[PDB]
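A.B. asks: Before anything else, here's the structure in question.
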Amino acid sequence: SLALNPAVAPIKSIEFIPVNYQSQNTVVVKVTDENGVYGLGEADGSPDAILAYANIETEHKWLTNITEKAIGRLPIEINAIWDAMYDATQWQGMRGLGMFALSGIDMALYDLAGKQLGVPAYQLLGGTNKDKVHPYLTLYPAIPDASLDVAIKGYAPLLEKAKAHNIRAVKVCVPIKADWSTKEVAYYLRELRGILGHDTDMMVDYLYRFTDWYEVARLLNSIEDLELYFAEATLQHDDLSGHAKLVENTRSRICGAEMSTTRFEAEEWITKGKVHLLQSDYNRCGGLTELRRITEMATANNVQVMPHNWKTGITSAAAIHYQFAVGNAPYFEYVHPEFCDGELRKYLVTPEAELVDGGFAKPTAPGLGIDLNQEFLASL
């Protein structure tokens, strides 16, 4: 029989690396094979809690150290390793924090498997027929929570810059500690849309400031003319039935699942929440593997997926590969260096994908196409 690829070597180690910048932070997951080749991923959650979770001692069938079931396995069997890790950690990792850890490892396998096979991550996910992808950029000025005038002035230059770079879509937020009434919020969004223009799609993150679906429906119904792309974090994250109400009583796109984990929670958001779009996060919900299952399910149910993305360059890389091979929507969330502040997001990994005419070209490097910036890490 023909010879097997010697490069697909077993996993030798998995290291969780807490990264704190002096608050911005992350947990880099480095999976190294027996030949010294490694893959990089990252997990959400308090770095110290994640590190502790990653170092627990195995007790029984369902309470196993997360890395244990991955060590020794061939990186190419990402789907099987996912199941192995999940099955062995059900006692404390089926949802919540534990899944963030599993997510980082999953992401790192795509980087490792690709590097071993010398193929970009998106090809391991199925390839693509898109010649380019377009992200929407999440914007937020340096404002303190501020007042209507201050918030607007702060956004203005960011919005003008986005247009100058032909960014196809942007997301603005309603400051959390802002005491604006719902009518003021409507005014706010009308002013921002006025500045931005209608040529560029505009999304809105309400940051969970509401609890009554009726009040939200009134607000969303009154700004229908703004033709906003979607309404994010309108109601509390556990209030799935409330989101269904918004869907049933407004003509806005209703998002959900930003903080969720697994395809199981995603399925409930689809059928019970009736949401138009899911925002399950790369480094929270189960990685690219779970995002693929989630998206194929979503497509069958006429639901778009734009994974939440607000970490470092590691997740931004996965996001581009995701949009090329898995994405089922016109845009996906991306945080760009020239459109945000965050040393960690800017310097942790290299290189940074070049945004051309508001879009990204197909990745050309093996795996996720990234590497750690050692000088930066060593500098603490």
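A.B. asks: Would you please classify the overall shape of the range 25-105 from the alpha carbon gyration tensor, given that a ≥ b ≥ c denote the square roots of the eigenvalues, rounded means a/c under 1.5, and beyond that prolate means a/b larger than b/c while oblate covers the rest? Before the final figure, lay out each step's value.
C.D. replies: Working: a/c = 1.71, a/b = 1.12, b/c = 1.52.
Oblate, because a/c is 1.5 or more while a/b does not exceed b/c.
A.B. asks: Can you compute the modelled spin-label distance between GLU215 and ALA84, with each label point 7 Å from Cα toward Cβ, in nm?
C.D. replies: Each label point lies 7 Å from its Cα, and together they span 5.1 nm.
A.B. asks: Given the peptides 15-21, 308-314, arrange them by the average over their residues of other C-beta atoms within 10 Å, most packed first.
C.D. replies: Going from most to least packed, we get 308-314, 15-21.
A.B. asks: Run the helix sum for the chain: -39,500 (n - 2.57) per DSSP H stretch of 4+ residues, divided by residue count, reported at 222 nm to the nearest 500 deg cm²/dmol.
C.D. replies: Using -39500 (n - 2.57) per qualifying helix, the result is -11500 deg cm²/dmol.
A.B. asks: Here is a further query. With θ taken as phi - 60° and the coefficients 6.51, -1.76 and 1.60, list the Karplus ³J(HN,Hα) couplings across the range 135-141 in order, rounded to whole Hz; mark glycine and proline as x.
C.D. replies: Working through the residues one at a time gives x, 10, 9, 8, 10, 6, x Hz.
A.B. asks: I need the peptides 34-42, 340-348 ranked by packing, meaning the mean over residues of other C-beta atoms within 10 angstrom, with the highest value on top.
C.D. replies: The most tightly packed comes first, giving 34-42, 340-348.
A.B. asks: Could you give each residue of the range 296-308 its phi-based ³J(HN,Hα) in whole Hz, using Karplus coefficients 6.51, -1.76, 1.60 with θ = phi - 60°, and x for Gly or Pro?
C.D. replies: Whole-Hz 3J(HN,Hα) from phi for the range 296-308: 5, 5, 4, 3, 5, 9, 6, 10, 7, 10, 9, x, 4.
A.B. asks: Using modelled amide H (1.01 Å from N, peptide plane; none on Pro or chain starts), what sits under 5 Å from the amide H of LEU137, excluding residues fewer than 5 places away?
C.D. replies: The answer is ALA169, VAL170, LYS171.
A.B. asks: Among the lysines, select those whose C-alpha is under 28 Å from the C-alpha of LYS130, and discard any that sit fewer than 8 residues away in the same chain.
C.D. replies: Once the sequence-local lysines are set aside, what remains near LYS130 is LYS115, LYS161, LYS163, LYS171, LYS311, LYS346, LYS362.
A.B. asks: Shape call for the range 128-363 from the C-alpha gyration tensor, a ≥ b ≥ c root eigenvalues: rounded (a/c under 1.5), prolate (a/b greater than b/c) or oblate?
C.D. replies: Oblate, because a/c is 1.5 or more while a/b does not exceed b/c.
A.B. asks: For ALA300 and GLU268, calculate 0.36 nm times their separation in residues minus their Cα-Cα distance, and state this gained length in nm to one decimal. Numbers along the way, then the final one.
C.D. replies: On the way: separation 32, 0.36 × 32 = 11.52 nm, distance 1.43 nm.
Roughly 10.1 nm would be gained on extension.
A.B. asks: Residue by residue, what Karplus-based ³J(HN,Hα) values in Hz, rounded to whole numbers, does the range 33-49 have, using 6.51, -1.76 and 1.60 with θ = phi - 60° and x for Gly and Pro?
C.D. replies: 8, 5, 9, x, 6, 9, x, 10, x, 8, 10, 7, x, 4, x, 5, 6
A.B. asks: Label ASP357 and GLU77 with points 7 Å out from Cα along Cα→Cβ: what is the distance between them in nm?
C.D. replies: For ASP357 paired with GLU77, the spin-label model returns 4.5 nm.
A.B. asks: Roughly how big is the chain's charge dipole about its Cα centre, with Cβ charges of +1 (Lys, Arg) and -1 (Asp, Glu), in debye to the nearest 20?
C.D. replies: Computed charge dipole of the chain: roughly 540 debye.
A.B. asks: Tell me, in nm to one decimal, what length is gained between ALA49 and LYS132 on full extension, where the rule is 0.36 nm per residue of separation less the Cα-Cα distance?
C.D. replies: Value of the extension gain: 26.1 nm.
A.B. asks: By how many nm would the segment from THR182 to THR350 grow when fully extended, if each residue of separation counts as 0.36 nm and the alpha-carbon distance is taken off?
C.D. replies: Once the chain is fully extended between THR182 and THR350, it gains 56.2 nm.
Quick reminder, even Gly has a Cβ in these numbers, built from the backbone with ideal geometry, and neighbours come from all protein chains shown. Read-outs: derived from the displayed coordinates by stated rules, not from any lab.
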